[PDB]
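Chains as they are written, first to last, in the authors' numbering: chain N, 392 to 439; chain R, 107 to 259.
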């Protein structure tokens with residue numbers, strides 16, 4: 392072989408897209424959960 | 107009061123009172139004990155941390171015979187087990203030295219014998235005793251009135 396094998400580039404863009412989607416879905420979900428918690432805290436503070 | 111207001115025991119000591127209002131039982135969470143009535147001992151008490159109180163649905167026999175809450179609160183004087191309790195400026199007080207620990211959960215009564223609040227604690231303010239109590243509201247809103255230095259009875 393005439394070139395070394397790296398890692399940051401030796402992963403297909405399609406596979407990268409799938410991996411990013413399945414890793415970002417949970418991140419978006421937890422962000423939404425924190426947003427909902429904050430909104431609930433604001434509502435309960437306002438309506439106490 | 108006497109018919110529909112049940113003490114909570116602990117080691118044979120009363121440490122609060124439970125009230126059945128609007129077809130549902132309520133008990134305060136800061137107090138720990140055993141409910142007197144056996145029939146209500148089997149009710150699964152859904153807990154509401156913000157209201158420091160658990161509520162449950164009473165059985166069929168007793169759901170007909172309950173106290174009614176009220177929303178409207180004309181300012182002035184209100185009935186209580188320990189006499190008349192005073193309401194002004196969106197705050198409930200009593201003459202000082204009246205009420206204490208173990209009186210938690212005793213309802214506040216009005217002229218027509220309907221509930222307007224439930225006593226949870228007090229702050230002794232020297233002249234009177236500010237009472238931390240949960241109340242209703244015109245918009246059908248439950249609010250936990252708590253003065254500074256509230257001591258949960």
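In this text, a Cβ means the ideal position worked out from N, Cα and C, and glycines have one as well.
Using the three-state DSSP reduction, which class does residue i fall into: helix, strand or coil?
{"i": "residue 403 (chain N)", "result": "coil"}
{"i": "residue 145 (chain R)", "result": "helix"}
{"i": "residue 233 (chain R)", "result": "coil"}
{"i": "residue 166 (chain R)", "result": "helix"}
{"i": "residue 398 (chain N)", "result": "coil"}
{"i": "residue 238 (chain R)", "result": "strand"}
{"i": "residue 409 (chain N)", "result": "helix"}
{"i": "residue 427 (chain N)", "result": "helix"}
{"i": "residue 227 (chain R)", "result": "strand"}
{"i": "residue 221 (chain R)", "result": "strand"}
{"i": "residue 200 (chain R)", "result": "coil"}
{"i": "residue 182 (chain R)", "result": "strand"}
{"i": "residue 422 (chain N)", "result": "helix"}
{"i": "residue 121 (chain R)", "result": "strand"}
{"i": "residue 111 (chain R)", "result": "strand"}
{"i": "residue 434 (chain N)", "result": "helix"}
Quick check on residue i: buried or exposed, where buried means 16 or more other Cβ atoms within 10 Å of its Cβ?
{"i": "residue 240 (chain R)", "result": "buried"}
{"i": "residue 173 (chain R)", "result": "buried"}
{"i": "residue 177 (chain R)", "result": "exposed"}
{"i": "residue 398 (chain N)", "result": "exposed"}
{"i": "residue 394 (chain N)", "result": "exposed"}
{"i": "residue 165 (chain R)", "result": "exposed"}
On a Cα-Cα basis, can you pick out the residue from the options that is closest to residue i?
{"i": "residue 186 (chain R)", "options": "R:205, R:170, R:179 and R:195", "result": "R:205"}
{"i": "residue 258 (chain R)", "options": "R:221, R:138, R:118 and R:117", "result": "R:138"}
{"i": "residue 227 (chain R)", "options": "R:218, R:214, R:220 and R:221", "result": "R:214"}
{"i": "residue 207 (chain R)", "options": "R:122, R:108 and R:159", "result": "R:122"}
{"i": "residue 160 (chain R)", "options": "R:202, R:168, R:136 and R:117", "result": "R:136"}
{"i": "residue 225 (chain R)", "options": "R:109, R:118 and R:132", "result": "R:132"}
{"i": "residue 170 (chain R)", "options": "R:250, R:110 and R:243", "result": "R:110"}
{"i": "residue 154 (chain R)", "options": "R:184, R:248 and R:146", "result": "R:248"}
For the beta strand (DSSP E) containing residue i, name the first residue and the last one.
{"i": "residue 174 (chain R)", "result": "It is not in any beta strand (DSSP E) - residue 174 (chain R) carries neither H nor E in the DSSP assignment."}
{"i": "residue 192 (chain R)", "result": "189 to 194"}
Count the C-beta pairs between the region 231 to 239 of chain R and the region 186 to 203 of chain R that are closer than 8 Å, then say yes if the count reaches three, no if not. yes
For the region 416 to 436 of chain N against the region 125 to 134 of chain R, do three or more pairs of beta-carbon atoms, one drawn from each stretch, fall closer than 8 Å, so that the two count as touching? no
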